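Trainee:
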Ligand SMILES: [Mg+2]
């Protein structure tokens, strides 16, 4: 991993290299065979609460500190180590199997003796790889040759940069003109490529041909590249591989997989630190009552060993079992089918999410644009009134051979059918060959191709209404009428869309009539003054924009012949001149853009995924702030944000202007600060300046917005936003995405959720949790995350309370017997209470729910209570500490008072009291009873009875079987469980929880 260097890549010669290149393998594994065991062990024992029981078990190797048999502390430790190793290994094997599917995709490779199939993982730098239509590009390549006659290809890059526009790509000019694809190996040529980097949108390189009579050299840009993760829209392309594996542009925009620890586990770690300090103090006090007799330091260590008992190990065992249960429940849920849990150790993170950072393309939307509204001023046609438009077109073209509303509809539809840059592409379907279909205009074989998906949606709608674009060229268009006739239009001038002009125009001549028409189409901001005076463009454009529609204004100018020649002369003259050609050309173009007849407004929607709006409403009502981070353009992002109700219909939107330096950023931040309840829409270029100079101020202003949209955001910028939110808020973040540009922020977040993309899987493979639909997020957070958090809290508090009750009982036991370090419990009792005695009543707890799932979904305000840290805090910890001390004191001192023999049977008395006490605990803590709770408690009681009968070392069964013993132990337990009844009464009434009464 040294300095990246530029490379010379010979075409078809992977061996002609001066460096070993990485294998073309995508890897999401945290470890390999060598680092697995050290990595897992260090990630476990670098925290205090694992090293705690490690050292407790290790100190038993010293006989002076020995409190019993060696296995008493190593059978539970062996169980813990086996569980963690097996869990990590299973996760690693699942990751490997899931990466094998992407790495084993098959491609064709150009070889000297013919094309040879190659797996994606065996592709080397210098290979000539063939990628078919709708197939993912497996490695970074230079476009060399395409089978399509136009000598170009379209790429879908939404998995690479989240952009909905299709990218036009051009092959190397020399290689495209070769007679055959086999000629690539017959020429001496190489590509001089730059060093690998994270720049997805810029490439510098040179193509050289050496065997040519004149030395052929050609400059390369991003227009000649096919990066891995892009999809070929049409035709089979041939490329030469430049980068593979970890040097891929998409891979270099990702970080290494890391082990994530939840915030709940860190809180339990802090609790264990506090408990250890407290027990250290207690041991210092307890050996002081010995008057430091003998080896006082050995006494300190022995008392620390006794008072810890099962505090760290039982916590670990029960928390691990609970996390297994939570992941099992999530994976089996049929209301969020297909959910995959990769990070099984952090399901409680989903219960405490404050910021949701979401992707746009492919995550909120289906990446399928559709025509929605045709507005003609007096009449507007929606999805339910398209038969009216079809009837108008049909009547026009029927009465043609055998103003009115039909004429206006026809004018609008023809303008939509003509003013675009969409090309029909015909492909053979077996029955009809492409040449046959391209001449007969076969409907089933036709596909519409353009850079803009909005234009493709418009052309598809126009076909569905009666006018079909059936052929195109650089100088001609063909339309098919409902009477099956063909109308030919000569394209005289074309004014392609630019993101600066925000409009597109075309001049055509109708060969049937000879009339010359100038059509223009663009945004309302630039087309409000280009069209003639009206009274509805602004209002209806605003209404359509408020619904989340992409609005275009379509205008028309009928040109006389002399006018067209006069314009054409000046346009040619301005084009020929090289002295500021752009400005003169622009002036000549806008010489025509005036007093244009307004035809219609068009509305195209980027279709959201199912139940996106209710899910966003639920997340907002749960107290979660949602930010949209997208690589797509500003207009599309704003339209989708309004469509998905990320921004409320009446909400103010402040679009951050482009800033380039410190002063501009300061001025615009002030301008935004002067606003209230305003959503922020900012671009990545201005966001870069703001985070460079005013990170604190920008973060403080953005965290008080109702919603934030970051468009044209690079993967590193998304990760930076996630990291900055974590740093400056101290709260948890969830990143949701579907593409490779979302991997960095998914890894950066406290809880990564990856949506399974249509044409990519990297985000799902790299995420902690994988879902198939964005709507599953609502249930995954409100039900499973909330239950995981609350169950883990109750689990951990119960385990700590039991351990501290045992500790207080041991303290009283030692005090009774001259403050000696004699264990109260030893042998199988310690092992059982560490592992098996504890798993049953707390499995009963991991089955518990405070409310039903439907109630949790219906009332998201239950989530905001968890966002306050209510389930576990220092408050509840202190109350449980006091309760444990009270119960241990009550049990020990009641045994002292009631049993005539002081402490000879104290082990049996305390064991029976603890058994009945935990039965009363589980009976009084559970809120929604489950039959498996009864089964588990029956199993626990069976285990307790089996231990009582078979443990003759410290239990005398014939002493237990006595009415005197029975009533004494019953009274002790009833007195000890007073705080249980107090807490149960406070929960039942006189302080009702908010989750119970809200239903009715
Ligand atoms: Mg995406």
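In PDB author numbering, the protein residues as written are 33 to 434, 450 to 1047. Beta carbons are placed, not taken as given, at the ideal position from N, Cα and C, and that holds for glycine.
(1) Measuring alpha carbon to alpha carbon, tell me which of 196, 280 and 618 ends up nearest residue 171.
(2) Does the distance from the C-beta atom of residue 912 to that of residue 837 stay below 8 Å?
(3) Out of 682, 264 and 734, point me to the one whose CA is closest to residue 547's CA.
(4) Is the beta carbon of residue 197 within less than 7 Å of some heavy atom of ligand 1?
(5) Between which two residues does the beta strand (DSSP E) holding residue 407 run?
(6) Do you know how far the Cα of residue 105 is from the Cα of residue 874?
(7) Kindly examine ligand 1 and report whether one of its heavy atoms sits closer than 7 Å to the Cβ of residue 59.
(8) Identify whether residue 141 lies in helix, strand or coil by the three-state DSSP scheme.
(9) Within the present structure, is the beta-carbon of residue 788 separated from the nearest heavy atom of ligand 1 by less than 7 Å?
(10) When the Cα of residue 56 is compared with those of 273, 423, 514 and 373, which residue comes out closest?
(11) According to DSSP, is residue 179 helix, strand or coil?
(12) Below 8 Å CB to CB, which residues in the same chain sit around residue 348 once its five sequence neighbours on both sides are set aside?
(13) Within the present structure, is the beta-carbon of residue 731 separated from the nearest heavy atom of ligand 1 by less than 7 Å?
(14) Are residue 975 and residue 350 touching if we call contact CB-CB under 8 Å?
(15) Within a Cβ cutoff of 6 Å, which residues of the same chain sit near residue 756, ignoring the five residues on either side of it in sequence?
(16) Pull up the distance between the alpha-carbon of residue 239 and that of residue 121, whole angstroms please.
(17) Looking at residue 447: is its Cβ nearer than 8 Å to the Cβ of residue 523?
(18) If we ignore side chains and look at the alpha-carbon of each, how far apart do residue 698 and residue 716 end up?
(19) So does residue 393 have its beta carbon nearer than 7 Å to some heavy atom of ligand 1?
(20) Are the CB atoms of residue 1045 and residue 910 within a distance shorter than 8 Å?
(21) Can you tell me whether residue 784 sits near ligand 1, meaning its C-beta is under 7 Å from at least one heavy atom of the ligand?
(22) Restricting to Cα atoms, I'd like to know which of 979, 944 and 1005 is closest to residue 955.
(23) If you run the structure through DSSP and keep just helix, strand and coil, what is residue 297?
(24) Could you round the C-beta distance between residue 742 and residue 771 to whole angstroms and report it? I think they count as a contact, below 8 Å.
(25) Can you tell me where the beta strand (DSSP E) holding residue 148 begins and where it ends?
(26) Tell me the DSSP bridge mates of residue 251?
(27) What are the start and end residues of the beta strand (DSSP E) that includes residue 699?
(28) With distances taken from CA atoms, which of 695, 739 and 752 is nearest residue 721?
(29) Just curious, the beta strand (DSSP E) that residue 471 is in, first and last residue?
(30) Indicate the three-state DSSP secondary structure (helix, strand or coil) for residue 455 in the structure shown.
(31) CB residue 333 to CB residue 850, shorter than 8 Å?
(32) Based on Cα-Cα distance, which residue from 961, 788 and 781 lies nearest to residue 378?
(33) Could you name the residues that DSSP lists as bridge partners for residue 557?
(34) Exposed or buried, which one is residue 148 when buried takes at least 16 other CB atoms within 10 Å?
(35) Rounded C-beta distance between residue 639 and residue 603? I'm assuming under 8 Å.
(36) Near residue 617, what residues of its chain come up, given a Cβ to Cβ distance below 8 Å and the 5 sequence neighbours on each side ignored?
Mentor: Quick answer:
(1) As a working mapping, residue 171 is identified with position 139 in the chain shown. Ranking the options by Cα distance to residue 171, first place goes to 280.
(2) Sequence index remark: in the chain shown, residue 912 carries index 865 (1-based). Sequence index remark: in the chain shown, residue 837 carries index 790 (1-based). The Cβ-Cβ distance between residue 912 and residue 837 does not fall below 8 Å.
(3) On the chain shown, residue 547 is found 500 positions in, with the first residue counted as 1. Here the closest residue by C-alpha is 682.
(4) Indexing the chain shown from 1 puts residue 197 at position 165. Distance from the C-beta of residue 197 to the nearest heavy atom of ligand 1 is not below 7 Å.
(5) As a working note, residue 407 is residue 375 in the chain shown. For residue 407, the enclosing beta strand (DSSP E) stretches over residues 397-407.
(6) Taking the chain shown and counting its residues from 1, one reaches residue 874 at position 827. Taking the chain shown and counting its residues from 1, one reaches residue 105 at position 73. If I take the Cα positions, the gap works out to 10 Å.
(7) As a working mapping, residue 59 is identified with position 27 in the chain shown. Every heavy atom of ligand 1 is 7 Å or more from the Cβ of residue 59, so no.
(8) For this step, residue 141 is matched to residue 109 along the chain shown. DSSP places residue 141 in strand when its eight states are reduced to three.
(9) Position 741 of the chain shown holds residue 788. Residue 788 Cβ: within cutoff of ligand 1.
(10) Translated into positions along the chain shown, residue 56 becomes position 24. When only C-alpha atoms are compared, the closest one is 273.
(11) Position 147 of the chain shown, counting from 1, holds the residue named residue 179. Here residue 179 sits in coil by DSSP.
(12) Looking up residue 348 in the chain shown gives position 316. Same-chain partners within the cutoff: 81, 82, 85 and 112.
(13) Position 684 of the chain shown, counting from 1, holds the residue named residue 731. Relative to ligand 1, even the nearest heavy atom lies 7 Å or more away from the CB of residue 731.
(14) Taking the first residue of the chain shown as 1, we reach residue 975 at position 928. Taking the first residue of the chain shown as 1, we reach residue 350 at position 318. For residue 975 and residue 350, no; Cβs fall outside 8 Å.
(15) Along the chain shown, one-based indexing puts residue 756 at 709. Around residue 756: 675, 684, 688 and 728.
(16) For the purposes of this step, residue 239 is identified with residue 207 of the chain shown, where counting begins at 1. For the purposes of this step, residue 121 is identified with residue 89 of the chain shown, where counting begins at 1. Roughly 46 Å separates the two Cα atoms.
(17) Between 434 and 450, the chain has no modelled residues, and residue 447 is one of the positions in that gap.
(18) One-based indexing of the chain shown puts residue 698 at position 651. One-based indexing of the chain shown puts residue 716 at position 669. A direct Cα-Cα distance of roughly 19 Å separates residue 698 from residue 716.
(19) In the chain shown, the residue the question calls residue 393 occupies position 361. Checking the Cβ of residue 393 against ligand 1 gives yes.
(20) In the chain shown, residue 910 corresponds to position 863, counting from 1. In the chain shown, residue 1045 corresponds to position 998, counting from 1. No.
(21) The count along the chain shown starts at 1 and reaches residue 784 at position 737. Indeed, a heavy atom of ligand 1 lies less than 7 Å from the Cβ.
(22) In the chain shown, counting from the first residue as 1, residue 955 sits at position 908. For residue 955, the closest of 979, 944 and 1005 by C-alpha to C-alpha distance is 1005.
(23) In the chain shown, the residue the question calls residue 297 occupies position 265. Annotated three-state conformation of residue 297 is helix, per DSSP.
(24) As a first step, residue 742 must be located in the chain shown, where it is residue number 695. As a first step, residue 771 must be located in the chain shown, where it is residue number 724. Taking a contact as a CB-CB distance under 8 Å, the pair residue 742 and residue 771 counts as one, their CB atoms being some 7 Å apart.
(25) The sequence position of residue 148 within the chain shown is 116, counting from 1. Taken as a continuous stretch (DSSP letters only), the beta strand (DSSP E) holding residue 148 covers 148-151.
(26) The residue given as residue 251 occupies position 219 in the chain shown. Paired residue(s): 238.
(27) Indexing the chain shown from 1 puts residue 699 at position 652. From DSSP, the beta strand (DSSP E) with residue 699 extends over 699-702.
(28) To locate residue 721, count along the chain shown from 1; it is residue 674. Nearest Cα to residue 721 within the set 695, 739 and 752: 752.
(29) Looking up residue 471 in the chain shown gives position 424. Residues 470-473.
(30) As a first step, residue 455 must be located in the chain shown, where it is residue number 408. Secondary structure of residue 455 (DSSP, three-state): helix.
(31) One-based indexing of the chain shown puts residue 333 at position 301. One-based indexing of the chain shown puts residue 850 at position 803. For residue 333 and residue 850, no; Cβs fall outside 8 Å.
(32) Against the chain shown, residue 378 aligns to sequence position 346. Answer by Cα proximity: 781.
(33) Your numbering for residue 557 matches position 510 in the chain shown. Bridge partners of residue 557: 536.
(34) Sequence index remark: in the chain shown, residue 148 carries index 116 (1-based). Result: exposed.
(35) In the chain shown, residue 639 corresponds to position 592, counting from 1. In the chain shown, residue 603 corresponds to position 556, counting from 1. Between residue 639 and residue 603, the beta carbon gap of about 12 Å keeps them out of contact (Cβ cut-off 8 Å).
(36) One-based indexing of the chain shown puts residue 617 at position 570. Cβ neighbours of residue 617 beyond the five flanking positions: 635 and 638.
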